[PDB]
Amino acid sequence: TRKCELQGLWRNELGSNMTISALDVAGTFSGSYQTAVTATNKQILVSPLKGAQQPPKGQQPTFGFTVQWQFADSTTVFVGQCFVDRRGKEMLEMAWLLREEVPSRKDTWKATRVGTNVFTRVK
């Protein structure tokens, strides 16, 4: 069963697109992310990601990745697990932190936004 294999094109509720290329045997993967949204006034560009998954009880292993935004000084990390429901539908449940670059140490308090995303496989 290839169900819940991270490898693939995924989309989230914001309309973002994400590709995860094949995992190596260490469980590390790379890919790219096309966000539909930005907190900057910059043109959105496809951006590389780098992550790792835990080794596979009936449960998909947890994974995480870092997106290196190509058009913004920021960095997002996403952490999640895949689930398959009744009718075979796969979903990535993810929580994320978006870190903006700040000029001095004293601005770090405001540098991190948090939220969640739900991804499903693009048909």
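Just count from 1 along the sequence shown to find any residue number.
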Just how many deposited residues go unmodelled from residue 88 to residue 89: none, 1 to 3, 4 to 9, or 10 or more?
none
Entry B factor averaged over C-alpha atoms, 31-39 against 57-65: higher for 57-65
Averaging the C-alpha temperature factors as deposited, the higher value of 114-122 versus 2-10 falls on 2-10
Comparing C-alpha B-factors across 52, 94, 97, 84 in this entry, the winner is 84
Mind checking which third residue 46 falls in for C-alpha B-factor across the chain?
middle
Which third of the chain holds residue 77 when residues are ordered by C-alpha B factor: lowest, middle or highest?
lowest
